[PDB]
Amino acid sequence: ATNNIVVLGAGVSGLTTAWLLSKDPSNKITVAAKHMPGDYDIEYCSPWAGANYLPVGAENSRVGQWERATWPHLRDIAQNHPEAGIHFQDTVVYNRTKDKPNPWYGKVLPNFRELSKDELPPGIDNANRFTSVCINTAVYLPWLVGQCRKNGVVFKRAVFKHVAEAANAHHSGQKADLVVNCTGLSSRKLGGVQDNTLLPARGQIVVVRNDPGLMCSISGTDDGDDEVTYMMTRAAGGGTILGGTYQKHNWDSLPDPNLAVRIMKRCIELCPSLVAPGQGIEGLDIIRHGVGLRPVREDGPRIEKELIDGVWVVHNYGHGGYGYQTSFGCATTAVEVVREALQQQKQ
């Protein structure tokens, strides 16, 4: 007794859901996707990410629980599988006086300490230090492809205009029993879905060779509500990602030079160890610039079943700026919605 599943999409959400589904021997799985790991394109968010684990959800929220559920998997991969491109990094988070002390992730993440009042920079209300992970997305996304392959997942280049078409793309040559929709921001335009609550949150990055040795971030800036500051160093020499930008309803794919300059200035002033004692922006050794669009949904991630044109579909999209840090938690819930959808299909 087998189930033909097409996972539509090959970003974090598609790859993590396909991998977890593949652990069930009754699932025969095709990952069908327009863009694959190795691709850089504005329609494909996953490779643009930093990425790190830095919870943004409230303790009792859906997102918060998803973040909480994801950590043990990411820690497991970081501890046991150096081939996956995940490493542990010391992390500092600064919260400005113009604004949260002792967050829930303090009980979860290793080496959590709250910094003393005399250790705080001017303008900072509270700060904390802890161990978390930075994901080298360029190594990790193909690692997930690889893990899916070991469990017999077949990958296939495809483009669909409507979600129900994905059910005709299963490698068996037979109709899929279920389609899992991990199209992210493309679910805004995809037929049978057309989710109007989706919006891009544009994110510009500068990729640099300089290794500061820790992840840094501040709660806000004085450059505007949509210009943020963070940095993280990717595992396995992948480079340092300097950010950033959070521009809702902005679709612009091309790095803006002014914005790039301001990210770099904000970064070298937040964590000066990026550069030598005397230096400004010129001591950064830039690899490239980049821009992705965060698939922000009004109510956050949509993980639910829907019978669409006589095809059972389990959605798993709308992960905004937290798709990696919710990935395993979200994929797990999706695995259960798939089970539930097939259980209704069986009877």
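Heads up: residue numbers just count along the shown sequence, starting at 1.
Student: For the stretch from residue 99 to residue 100, please bin the deposited residues that the model skips: none, 1 to 3, 4 to 9, or 10 or more.
Tutor: Per the record, 10 or more deposited residues are absent between residue 99 and residue 100.
Student: Taking only the CA atoms, which stretch has the higher mean B-factor in the record, 33-41 or 301-309?
Tutor: Mean B over CA atoms: larger for 301-309.
Student: Tell me which stretch, 182-190 or 101-109, has the higher mean Cα B-factor listed in the entry.
Tutor: Between 182-190 and 101-109, it is 101-109 that shows the higher mean C-alpha B-factor.
Student: Can you pull the Cα B-factors for 117, 157, 202, 73 from the entry and say which is highest?
Tutor: Largest recorded C-alpha B-factor: 117.
Student: Among 126, 136, 147, 240, where is the Cα temperature factor highest, going by the PDB entry?
Tutor: The listed residue with the largest C-alpha B-factor is 126.
Student: Looking at the temperature factor on the CA atom of residue 173, which third of the chain's modelled residues does it land in?
Tutor: CA B-factor rank for residue 173: middle third.
Student: If you rank the chain by CA B-factor, which third does residue 261 end up in: lowest, middle or highest?
Tutor: For residue 261, whose C-alpha B-factor we compare with every modelled residue in the chain, the answer is the lowest third.
Student: Classify residue 316 as lowest, middle or highest third according to the C-alpha B-factor given in the PDB entry, relative to its own chain.
Tutor: Answer is middle: the recorded C-alpha B-factor places it there.
Student: C-alpha B factor of residue 143, ranked within the chain: lowest, middle or highest third?
Tutor: Lowest third of the chain for residue 143's C-alpha B-factor.
Student: Where does residue 27 sit by CA temperature factor within its chain: lowest, middle or highest third?
Tutor: Middle third - that is where residue 27 ends up once the chain's C-alpha B-factors are sorted.
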